[PDB]
Each structure stands twice: as C-alpha cells, then as structure tokens.
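As structure tokens, one chain now follows by itself in the form deposited in one PDB entry.
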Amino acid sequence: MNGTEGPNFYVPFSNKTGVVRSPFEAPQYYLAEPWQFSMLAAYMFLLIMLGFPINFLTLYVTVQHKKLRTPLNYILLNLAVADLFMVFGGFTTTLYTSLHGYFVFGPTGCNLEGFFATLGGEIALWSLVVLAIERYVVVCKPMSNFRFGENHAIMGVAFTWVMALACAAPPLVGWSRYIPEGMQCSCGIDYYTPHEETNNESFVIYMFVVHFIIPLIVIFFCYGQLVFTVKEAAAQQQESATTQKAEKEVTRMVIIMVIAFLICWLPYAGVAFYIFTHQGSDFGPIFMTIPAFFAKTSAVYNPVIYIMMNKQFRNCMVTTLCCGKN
C-alpha cells in the first residue's frame, strides 16, 4: 500500500509509520526534503519572472502598434492571456504554498487554483489548435469563396473559452475532481485514484480523446496540408528565390510548432495513460511533477515561438522597449 487516502486528497506516501498529515493542514516534509520544496519555489519564481513580462509585453506592444491588431492575431492575444491565467492562477499560488510545504488555502482554494490553472493551460491548448485551423483555412483555401475576418476570429476565441470550460468546470460539479498533486502544493484534475463517486475513469478518457487526441489530429492535419500546399506552390515557382526561402521558413516553423506541442502534452498524456493501465502503483511525489515541468513551462516557450519569433512583433517590441526609436 503506497498511498494515504482522505476526504479531498491522496498523499502518495504510506502512512504505516503514522507521519502522514493532510495536505491542507500540515507540511509534507516526509514526502520530500525541505530543500526540494525550495527548488519548487525557485522554479515557480523563474516561470513568473520570465512568464509575466513575456506575456504582458505581448499585450502591451499590441496596444501601441496598429499593424499587430489583425484578425489572425486575435488568438495569439488569447494565448498571452491564457498564459497569464497560468502565472497568476497557478505559479504564484504554488510559489506561496511551496514555501509553506503544503496547500494552505484548503479544499475550496484547491478548486479555485485547480480551475484557473486548468482553464489557463486549456485555453492556450485550444488557442494553438484554432490558430492551425485558421492558418489552414487561410492558406489552403478549402472553402468556396471564403474570407477570414473579425467575426470569424472572435468565434475562434470564444470556441477556446468554451472548450476550456468544458474541461475545467466539470470537476467543480461532480465529474472528476480537483485535488493536490505530487508534492501537494498545486492542485489539479484527479487521474490517479479510481473515485467512483465522481467517475474519474470516464473523465480521463473524455480528456484523453476530446482534449488531446482531437487537438493532436487537428494540428497534424491542418499543418500537414499547409506544408503540402506551400511546397507544391514553390515547386511551381522555383525561379523565385523569395518563394523558396518562404517555403523553407514555413516548413521549419511548422516542425518547431508541432514538436513544441508534443513536448508540452505528450509527457502529461503518457503518464496519464500509464496510470490508466497500471493503477495504484508506487508513484512518487516527484514523478507526478515531471510531466507538469514540460506543461507549465509552455507559458514561457509558447509566446517565444508563436509571437517573439515573428519579425513584425519583434520590431514593435524593440520600439516599445526603447521608448520610440530603434
């Protein structure tokens, strides 16, 4: 027996020596050394110090530069906002709790922190999906006489909001639940205890299919077709070096974006799928925080890839940071 059950939690540590306390009431220093809790805090600090400026600057630069405010870019603003939900909902609260050694805000705080942290990263997830769809629609022109504009861009943003709520809300009202995870300082969806009262098994399948496989297929399809269309168009215009450049640049960025998507969610899903097969095993507190490393860090590397590697934004950023010139 490798864990310790309670009303609103599951501490991954045997209580056979009697040392296990609630993650809402007392420090979990039997679960991990105090210095490891400090390193958790150190990492949350890094994610905030990098994550806030990068994502805030994205919104600020867009307000100052008319050229950035195009319908396509609406979703990349949505991304930046989602990343800020991850920072202020997730990382800051985890920084606070990690320094105590347990989730001080209790079960209600666990639901809040879990909701906004889940909502944040899920909006970001679907933002990356909707961008691929919009880019696919715009480049491949799969529809007869269609023009992407403000109305469509806003629907795409609302679509992410809805999908993210379809993921984050149900645990608040019966279907699965939010409980402290890993080192017990941050809360999230329960996918490591078969909890019949909330039906965790169905929700995990629903999550795996609707919120990972479907996104993964849409992203691979949309960008697959986009790279196909661009490559055959360049092959029919090989005299233009500009077009050959643009073709290679687009293919390079698609590979970066697809690989980046996998790094973010494949570890989180690979571990989730493993627990579905091998249930109730001796999963450490650190083991649970390894997938969350890659996922939470996306709040920094997504805006680096999807926004700061754009030459247009990069100029506006320099201008805004240098007060007007340069």
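Numbering starts at 1 and follows the sequence shown.
Beyond the structure shown, there is the form deposited with a partner chain bound, which is absent from this document and is the topic of what follows.
Using a 4.5 Å cutoff between non-hydrogen atoms, residue 135 counts as a contact of its partner chain in the deposited complex. The closest heavy atom approach of residue 310 to its partner chain in the deposited complex falls within 4.5 Å. At the 4.5 Å threshold, heavy atoms of residue 257 reach its partner chain in the deposited complex. In the deposited complex, its partner chain sits within 4.5 Å of a heavy atom of residue 139. Heavy atoms within 4.5 Å of its partner chain in the deposited complex belong, among the stretches 78-86, 180-188, 122-130, 228-236, to residues of 228-236.
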